[PDB]
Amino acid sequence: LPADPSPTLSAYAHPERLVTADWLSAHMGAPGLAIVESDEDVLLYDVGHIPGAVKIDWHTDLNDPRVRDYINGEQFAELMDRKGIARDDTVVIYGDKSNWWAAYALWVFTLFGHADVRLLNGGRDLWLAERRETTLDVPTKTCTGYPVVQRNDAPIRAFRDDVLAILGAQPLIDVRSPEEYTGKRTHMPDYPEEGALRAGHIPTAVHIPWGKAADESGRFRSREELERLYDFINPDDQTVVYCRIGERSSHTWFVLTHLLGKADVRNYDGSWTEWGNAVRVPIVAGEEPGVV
C-alpha cells in the first residue's frame, strides 16, 4: 500500500510512517493491509477493537518467556503466519497508553526488517473518542511463507555496555517522569513503586518526558513543535533513549527516527529495570544531567 497523503502528516520526515483514522477506515479490506492492536492491557483487545485488527501482545507474543530478550526470527515468522501477515504487507499498529506499546511493537517489527510498519495517529484512545467502529470479531485469515530472518538489533537497539561507552560522547535521553529522573521514584507516580534497587538517572542523560511529543488527544505534535523540542540534536549524533522497560522510549525512538528523520537513534530497552539493578553502574540523582 501507498502512504497517507493527509496534510497533517506531510511535514514529517517519513510521512509514510503514520496514518490517519479516516485513511485506515477507507483502506480496510485491502489485501496487503494488516491491522495490529498492541496494548499494555493484554486483555483490552478482547473488550473490542478496530474491525480487521489482530492482537500482538508485547510480553506474550514478542518476548522470550525465559530469558530477557525478544523472540528469534523463526518464532517471528511463525507469529506473522498465524496472524495473517505477509512480508510485503503494510502493517498499521495502534494501542492504548498513547501508543507506547504500539510504537514498541513497530520497533520490534523493525528488528526483523519488516519494511512497511506504521502507527495509527492518536492510537486506540482517539479511535474511541471519535466513536469509530469497534468489533469483538477476530480475523481468521492465516498465511504461510513469512521469511525466517536474521534479527537485526545493532542499528536500533542499545545494550548496557553500549550506553556505558557513549556517556558524554552522545545524546542520552531519559523519557520518564520527573519523579523517576530525579531519583524520588523508580516507577511512574501512578504505578506501584517496585522494580529497582537504586533510583536516579544515567549520568549525562537529559530529561525529556515522552509526552512532550504528543498532544492531549494522543496524536503526535507537529513537525514544527517536534523540531524545537529536539533542536539540540545534531546530524552526526547517535542518540540513545531509555525509560523503565523501553515502552515510553520506543515512543520517543519513533518520534526521532520517523517524524524528525534523525539517523542512528537507538532504544536502550534494558532501561531502568536493568540499569537500576545492575551492580556498580554510574547513577546520579536530582535535576542535573551530571557527568563522568
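Start at 1 and count along the sequence shown; that's the residue number.
In this entry, 128-136 has the higher mean Cα B-factor, the comparison being between 86-94 and 128-136. Once the C-alpha B-factors are averaged per stretch, 200-208 and 162-170 rank with 162-170 first. Annotation for 30, 56, 53, 255: 30 ranks highest, by Cα B-factor.
Per the deposited record, the Cα B-factor of residue 242 falls in the lowest third when ranked against the other modelled residues of its chain. Per the deposited record, the Cα B-factor of residue 61 falls in the middle third when ranked against the other modelled residues of its chain. Per the deposited record, the Cα B-factor of residue 195 falls in the highest third when ranked against the other modelled residues of its chain. Remark: residue 189 belongs to the highest third of its chain, ranked by C-alpha B-factor as recorded. When the modelled residues of the chain are ordered by their C-alpha B factor, residue 153 lands in the middle third.
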